Structures are given as C-alpha cells and as structure tokens.
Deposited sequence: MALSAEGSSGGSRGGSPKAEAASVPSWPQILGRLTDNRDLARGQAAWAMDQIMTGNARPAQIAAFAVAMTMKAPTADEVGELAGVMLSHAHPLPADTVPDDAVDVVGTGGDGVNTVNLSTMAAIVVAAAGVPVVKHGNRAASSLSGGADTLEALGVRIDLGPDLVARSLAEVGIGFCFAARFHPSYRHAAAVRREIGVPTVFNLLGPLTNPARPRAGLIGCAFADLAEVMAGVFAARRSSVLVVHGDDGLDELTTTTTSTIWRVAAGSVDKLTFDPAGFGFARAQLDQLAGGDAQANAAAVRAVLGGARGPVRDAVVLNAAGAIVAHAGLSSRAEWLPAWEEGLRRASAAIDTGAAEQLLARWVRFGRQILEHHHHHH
C-alpha cells in the first residue's frame, strides 16, 4: 500500500525506505503520474536522507525497465562505458572514450545536452560533428562499424523528461545526479565511472557490484569525477560482486603532477578544440589525464576476466592508450565516427 505521504514521511523521518518503495516512487515519476512537487520533494528528501545502494539501484532499475533497449545481440559482452556524474569532466571522459574505442575496446556512452554553457557529453560530440541523436538500430550499427556508440538520454529515456525539468528548476545536485552512469540503456558490463560526490562513490560502487559489473568507480582526491593527475585518487574496484577501496597514485607510472586549472572541462566549443589538439598529438597535462583515464577503462574491461592482475593490467592499459593516440588511430576513429553520421 504505497503513497507519497508514506514514502516522503519516511524519508523526512531520516529512515531508509522499505524494499520496493524507491522503485514505486521512480515508477510513478516514469509513468507520468507524479506531479512536479512530488518529484521535487522525493529528490530532495532522498538526497538529504543519504541514499543507500539498494535505493539507488531501485531507481536505476525502474528507469532501465522503461528505457528503449538496443536490438538483441548488438552490444558486445565486453562493451565499456566511460562517464562521470559531473557536478566539469566531459572533456576528459569524451576523449578517453574515443581513445579506448580506438584501442579496440567497444564503447557505448550515454548522456544529455547540458543545461549550462558548460558542455554535457552530447554537446562536445555535436561540436565535433558527431550525430548524437540516433535510434537503437543506428547506435548498434555505429558500435559494430565505428567501434563506439552514443545513446542520447532524451531519446532512450523519453519518460524521464518530467524529472529532467524538475532537476533544472531546483538547480542543485540530488540523488538523480547519480543515475547517469547507472542507466546506460546498452547496459555495458564494464566501465570507468567518475563520481564527484566522495560520500556517494561507495554507494554507486555497491549498485555496480549487485549487477556483477567490472567497474572502477573513481574520485580524484582533489574533487574531480575522473582519475586526476594533480594528486592521488580513490578507486572503488568492483569485480565479482565485491568492492575493494584503494588509493591510487599516477606518479607510480611516471605521470607528472599537474594543476587543477589545467584539467577541468569548459564549454562544448572549447572542449571540441581540446579534443582535436589531444587527438592530434598535443602533449601536456590534458593528454596525460586522458591517457590515464583511458587506461583505467581498459583495466576495468580486463577485469571482466577472473585472471586479471592490477599492475600488469595498468601497464597494458597505458601502452594501449598511448599507442591509440600516437598512431593516429584515435584521431581516425573520430573522423570515421563523423563520416558514419553523414552516410545515413
């Protein structure tokens, strides 16, 4: 017997929800039955009552149960995501994704256009000439032909639009900011997942563990929702349904310390210029961070196998990410991705 008064009442009492309550709430939102006030109340209360992995998993599962799927047998078993919660990072994630795909690891990303001038995943890709708004059959064909696909959230999650509007109206991060990485409709089993919210990274890791994903959930100790080069990073390594928390230092692999002012994401047009520069062989702090993050995604991919060893997996990941840039394979993959969109 579920209801808003009951569910919101329980959250304002600072109590974890009973099993299925988060799911009921998200289903109401997804079926268009929740008024904007109810959506907003739920998002704030869930946020101020620290969400648990069970609750966030319930929200993401309901969202996925409403999403358009990709066609049967079109997503490889070892596809990876590279994505962060933001709250930015999109330049790094996007470049790293292209590098990973160029290395031979299939990548399927998922995202929105940004509400600000600060680019979303989608905005930077469009600036580079990639057609981001394609239907399931064409994303599958992209993945097969180019090695990478992008699922536009507005297209694959049409029932989420009311929630999206509420989030923009309240304008501050909530539990819904966690769901991007957890609601990729291609359902990749691996990924490098950035989380800006240090206290919630462990929660996201828990959700991925329940799904038997091989993921590195990463939080830069300088706040970045990516593996940073300015200092150490905290990694929640997810494999075989378990989570190990680690401190990671890229200097151990010979990466120079950089400054934060050098790495943050900006608008889509500037992100686009930075992509072209890095993929064209420009050296410096941005390249290093892209390489490190690409390697991280390759390591997560390697973890799909029970016989993967941490330090050797990192060394291979770094070699592969560097080579994908240095040979021009990453630059050529982007060009082939642009051409894909222009040829139907």
How would you write out the unmodelled ranges of the deposited sequence, numbered from 1?
-> 1-23, 111-113, 371-378
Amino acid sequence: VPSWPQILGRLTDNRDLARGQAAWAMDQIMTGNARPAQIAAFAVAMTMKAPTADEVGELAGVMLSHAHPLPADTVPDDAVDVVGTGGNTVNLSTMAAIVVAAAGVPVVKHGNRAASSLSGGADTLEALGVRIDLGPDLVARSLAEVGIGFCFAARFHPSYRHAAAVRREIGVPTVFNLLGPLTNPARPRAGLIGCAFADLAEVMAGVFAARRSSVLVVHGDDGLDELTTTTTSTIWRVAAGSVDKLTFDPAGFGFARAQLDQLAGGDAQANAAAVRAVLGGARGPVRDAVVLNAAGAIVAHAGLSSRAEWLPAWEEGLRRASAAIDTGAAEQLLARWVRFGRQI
From here on, numbers count along this sequence of modelled residues.
Mean B factor on CA atoms, stretches 291-299 and 274-282, record says higher is 274-282
Higher avg CA temperature factor (41-49 vs 308-316, as deposited) belongs to 308-316
In terms of CA temperature factor as recorded, identify the highest of 104, 180, 158, 252.
-> 252
Whose C-alpha has the highest temperature factor in the PDB entry: 206, 87, 194, 149?
-> 87
Sorting the chain's CA B-factors, does residue 28 end up in the lowest, middle or highest third?
-> middle
For residue 214, does the deposited CA B-factor place it in the lowest, middle or highest third of the chain?
-> lowest
Taking the values exactly as deposited, rank residue 190 by C-alpha B-factor within its chain and report the matching third: lowest, middle or highest.
-> lowest
Relative to the other modelled residues of the same chain, rank the CA B-factor of residue 184 and answer lowest, middle or highest third.
-> lowest
Split the chain's modelled residues into thirds by Cα B-factor; is residue 125 in the lowest, middle or highest one?
-> middle
